[PDB]
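Remarks on the structure that follows.
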Amino acid sequence: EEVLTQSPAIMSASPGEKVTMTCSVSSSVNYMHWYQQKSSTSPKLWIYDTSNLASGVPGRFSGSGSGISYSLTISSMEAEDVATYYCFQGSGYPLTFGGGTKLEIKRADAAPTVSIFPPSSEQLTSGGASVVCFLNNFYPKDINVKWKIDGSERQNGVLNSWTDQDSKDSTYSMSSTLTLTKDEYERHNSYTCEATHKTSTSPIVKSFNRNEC
Amino acid sequence: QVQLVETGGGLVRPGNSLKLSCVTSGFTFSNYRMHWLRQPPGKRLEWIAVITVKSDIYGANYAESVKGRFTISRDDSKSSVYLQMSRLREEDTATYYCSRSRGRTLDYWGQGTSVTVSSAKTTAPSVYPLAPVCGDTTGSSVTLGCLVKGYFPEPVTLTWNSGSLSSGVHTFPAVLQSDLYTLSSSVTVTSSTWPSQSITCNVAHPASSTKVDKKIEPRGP
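Quick note, the sequences are listed as chains A and B, same order. Mapped onto my numbering, the consecutive letters of the first sequence carry residue numbers 1 to 213. Mapped onto my numbering, the consecutive letters of the second sequence carry residue numbers 214 to 434.
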């Protein structure tokens, strides 16, 4: 098979910055094609036959290369270019894609807005207790979350989930869910979510006490 | 106005069969080669099968991953291509797409149909409304939440006010634990809009034929 390897797997660029990504092939192919994929939705033909832009693709995009080395270049990064780009050879079976370059955009650092939520009475009725914390609209993506229960750091029981970069503002968001039994939840009072982000040396701290609601 | 629409996806058990359909609009179907592709979640796209036009009798070709298990067929009168799958396994889990090609290029794709191959039990979600304990640190704003827990398979569809509330929403990818998913979503509105106006989390889970609505209630007066 013709094996396609893309570098870098993931990259970020500030707006107006020049972007280049490469596609290396295990042995020469005559033409390379490119697909743009947003949010794991249906891929859009971007560049076909090495250098031709598909209908509606902006002129800031260009494809080049020959043989075993191909590239796609964006002369000036824009917000709407945030996507995963796949190269694709259709000249020999099996038809193959590279592993993608995930292209993100830089923006100004932004502090998360942190919100904490007690277990709902409906959940408690069922024997379970989830404490929820949102860390929303921050940049850059790196961020630490800590849980404290009556002042004591809690490790087991936490599940974290991060969104893809936001389409209106280029920030990231994160959900952190601490699941305990209702019995243990009912054994303690102070539930605290602490966010540590580069935008401050001080963690953002949000709490509630069960016995207040 | 070329259109391609895959249907047929769903959850099935290892060793089951499933047939996928792809109906097409806006081109003369019989004059083009047609393909199925797939993408496992978090992974690159994969070409898996092509059927040539009625005249070729070059016939069909397959990726080795599916060869001798899957069959591509076409019905030109129905302007449709099919993927009969058999002997399914867990690594066949993917969104499946049909594509038309011209020359070396796959020019038009469908929206995708999702197939999960799993022995895990279909389970309807529990849907919990999350009422704030406090307004946001800046003003002026409040964040509400919805927690959706203990369901299988993906996906759920979550909206806020039946989709009229679209701005300021963050819906997080589901995370799998012990054959069950949990997902959450937040909405941020101006403090002057809530709780004076009603906000409701709506969760559809088609696999379990359920649709649950949950109003967010303010904790106090």
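Where a beta carbon is used, it is the ideal one built from N, C-alpha and C, also for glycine.
Taking 8 angstroms as the cut-off, the beta carbon of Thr96 (chain A) is found no closer than this to the beta carbon of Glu184 (chain A).
Inter-residue distance for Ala387 (chain B) and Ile270 (chain B) is about 45 angstroms (C-alpha atoms, whole angstroms). In this structure, DSSP gives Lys182 (chain A) a helical state, which the three-state scheme calls helix.
In this structure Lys18 (chain A) is exposed. Its beta-carbon is surrounded by fewer than 16 other beta-carbon atoms within 10 angstroms. Using a Cβ-Cβ cut-off of 7 angstroms, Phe385 (chain B) is close to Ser161, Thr163 and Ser175 of chain A, given in chain order.
For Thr125 (chain A), the uninterrupted alpha helix (DSSP H) segment begins and ends at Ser121 to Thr125. Using a Cβ-Cβ cut-off of 8 angstroms, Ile116 (chain A) is close to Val346 of chain B, given in chain order. Straight-line measurement puts the Cα of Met298 (chain B) at about 55 angstroms from the Cα of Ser202 (chain A).
One thing to note: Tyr309 (chain B) has its Cβ within 8 angstroms of the Cβ of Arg251 (chain B).
A distance below 7 angstroms between beta-carbons, with the five flanking residues on each side excluded, links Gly65 (chain A) to the following residues of its chain, in chain order: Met32, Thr50 and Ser71.
The shortest C-alpha to C-alpha distance from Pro431 (chain B) to any of B:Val328, B:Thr237, B:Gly348 and B:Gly223 is the one to B:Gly348. In summary, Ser398 (chain B) is buried, with 16 or more beta-carbon neighbours lying within 10 Å of its beta-carbon over all protein chains present. Fully contained in the segment 86-157 of chain A are the following alpha helix (DSSP H) runs of length 4 or more, in chain order: 121-125. One alpha carbon belongs to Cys213 (chain A), the other to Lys148 (chain A), and they sit about 17 angstroms apart. Taken atom to atom, the span from the alpha-carbon of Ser243 (chain B) to that of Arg313 (chain B) is near 11 angstroms. Around the C-beta of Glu259 (chain B), 16 or more other C-beta atoms lie within 10 Å, and the residue is accordingly described as buried. When 7 angstroms is used as the limit between beta carbons, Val132 (chain A) is near these residues of chain B: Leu343, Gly358, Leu360 and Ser397, in chain order. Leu393 (chain B) sits close to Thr336 (chain B), with the two beta carbons spaced by under 8 angstroms.
Taking the Cβ atoms as the reference, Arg226 (chain B) lies roughly 6 angstroms from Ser332 (chain B), within the contact range of under 8 angstroms.
For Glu194 (chain A), DSSP records a beta bridge to A:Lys146 and A:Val205.
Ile74 (chain A) is positioned such that its CB atom lies no closer than 8 angstroms to that of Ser12 (chain A). Counting every other CB atom within 10 Å of its CB across the protein chains shown gives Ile261 (chain B) a total of 16 or more, marking it as buried.
Taking a beta-carbon distance threshold of 8 angstroms, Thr50 (chain A) does not count as an interface residue toward chain B. Using a Cβ-Cβ cut-off of 8 angstroms, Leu45 (chain A) counts as an interface residue toward chain B, since at least one Cβ of chain B sits closer than that to its own.
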